[PDB]
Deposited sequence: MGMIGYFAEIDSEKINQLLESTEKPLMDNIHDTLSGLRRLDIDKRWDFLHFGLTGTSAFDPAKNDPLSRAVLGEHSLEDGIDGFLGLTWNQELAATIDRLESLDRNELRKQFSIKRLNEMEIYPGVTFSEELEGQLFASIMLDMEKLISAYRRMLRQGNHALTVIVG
């Protein structure tokens, strides 16, 4: 289960919605930020929960999974161009020190965040830093999509 955030324009998303088995073909031609199997680390780092069990009405969960859950055999989420500015502002507003304070490698190991492997507790700082790097890559992707008039698709499958 790899995760990526794709950029889709209006004509293509409407075409997609007018029609997620073989989603990797309809999206095959779209630009994407691919974060391999680190998508749940990212979800956890921003929300304290797994994407497999998010808190109800969690805007930060939606910041990663998308404003709209089109599917959930792998997630497919959508965030309209009209919704990206808010998502971007939400992520840029986060206090990094705050996120770090909340991040616990012990909680991550216990909650069995995907892929479900344990980490030495000595890697807490490094893992967190790695997550912040993915968050920064996502922010840059969203900003590009917003500025170009496109929409975002979170694909996890």
**Prompt:** When the deposited sequence is counted from residue 1, which ranges lack any model?
**Reply:** 1 to 2, 22 to 26, 80 to 81, 167
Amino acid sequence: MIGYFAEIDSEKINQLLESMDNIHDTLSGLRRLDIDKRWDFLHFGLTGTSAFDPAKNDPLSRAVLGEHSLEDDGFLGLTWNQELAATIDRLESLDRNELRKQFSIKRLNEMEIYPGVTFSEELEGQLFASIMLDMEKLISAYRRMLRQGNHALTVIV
From here on, numbers count along this sequence of modelled residues.
**Request:** Return whichever of 57 to 65 and 105 to 113 has the greater mean Cα B factor according to the PDB record.
**Result:** 105 to 113
**Asked** Higher mean Cα B-factor in the deposited model: 37 to 45 or 92 to 100?
**Response** 92 to 100
**Request:** Quick one: which of 13, 138, 20, 145 shows the highest Cα temperature factor in the PDB entry?
**Result:** 20
**Third of chain Cα B-factors occupied by residue 1** = highest
**Item:** Record-listed C-alpha B factor of residue 25: chain third
**Value:** highest
**Message:** Where does the C-alpha B-factor of residue 50 rank in its chain, lowest, middle or highest third?
**Reply:** middle
**Request:** Among all modelled residues of this chain, ranked by Cα B factor, put residue 153 in the bottom, middle or top third, i.e. lowest, middle or highest.
**Result:** lowest
